[PDB]
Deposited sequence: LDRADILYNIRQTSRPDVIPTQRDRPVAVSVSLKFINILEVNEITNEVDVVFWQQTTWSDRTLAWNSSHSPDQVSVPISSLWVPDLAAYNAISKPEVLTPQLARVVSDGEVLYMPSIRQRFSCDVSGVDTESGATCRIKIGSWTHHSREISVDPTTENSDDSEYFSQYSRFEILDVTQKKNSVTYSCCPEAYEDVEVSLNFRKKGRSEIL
């Protein structure tokens, strides 16, 4: 198989609408935010404008191929792949995807989608101008798939990719996993809560 054959096969047979659950197990989705920039902060409105790497990982075995004498990875448009229906619960603008919308697919069926995203959020901006800084929390989870269909899990220097030219600096980033039941649905929905501790530079 060359890349042309692999991509032809994926295009003809991937079902982008079909969640790739195996044996009534959930699809395990890894989520991790790498902050690139903090562009605007409003301590009165409690709004922030940030740019982050949304590093997203999952397995889809229907994509797998024998790579014994073949490329073991290809890049694939996400329009030809199933992708998890993740959303930030406290976002107040839609995600502005800054980068080409291609995922990397490994021959064992591992998919890695890592777009750079600019988005506005409602969160706690108090303390942004102090030693301890502000802590803005961002919840991301599957919009329509409960915990028996999609599980989300944090994977893991916090400023590695953070712009040195921002007016802000990152003090710390922590992630944590949540299982929430909402009074109107019987099942639990998982999210990752990302806490960004940052402050205005001096």
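- Stretches of the deposited sequence lacking C-alpha coordinates, numbered from 1: 157 to 159, 206 to 210.
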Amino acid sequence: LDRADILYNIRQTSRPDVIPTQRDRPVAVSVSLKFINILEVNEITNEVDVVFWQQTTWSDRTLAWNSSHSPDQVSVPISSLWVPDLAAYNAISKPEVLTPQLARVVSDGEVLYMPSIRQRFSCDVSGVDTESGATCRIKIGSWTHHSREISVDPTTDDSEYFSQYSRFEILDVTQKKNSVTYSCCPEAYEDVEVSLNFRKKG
From here on, numbers count along this sequence of modelled residues.
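Here, rigid core means the biggest group of C-alpha atoms that superpose within 1.5 Å across both forms.
- Once the structures in 7 other deposited structures of this protein are superposed via the core, the pair 79 to 87 and 122 to 130 is resolved in favour of 122 to 130 as the more displaced stretch (C-alpha RMS).
- The stretch that strays farther, by root mean square C-alpha distance over structures and residues in 7 other deposited structures of this protein after a rigid core fit, is 173 to 181, when 35 to 43 is set against 173 to 181.
- Residue-level annotation: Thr156 lacks coordinates in a third or more of the other entries compared, counting only those that model residues on either side of it.
- On average the C-alpha atoms of 67 to 75 have higher B-factors than those of the other stretch, with 118 to 126 and 67 to 75 being the two compared.
- Of the two segments, 40 to 48 and 26 to 34, the one listed with the higher mean B-factor is 40 to 48 (C-alpha atoms only).
- Per the PDB record, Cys185 has a higher Cα B-factor than any other of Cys185, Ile10, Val18, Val194.
- The deposited CA B-factor of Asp60 belongs to the lowest third of values across its chain.
- In the deposited entry, the Cα temperature factor of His146 places it in the highest third of its chain's modelled residues.
- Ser93: CA B factor in the lowest third of modelled residues in this chain (values from the PDB entry).
- Sort the chain's modelled residues by C-alpha temperature factor and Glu110 lands in the middle third, per the entry.
- When all modelled residues of the chain are sorted by CA temperature factor, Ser132 is found within the highest third.
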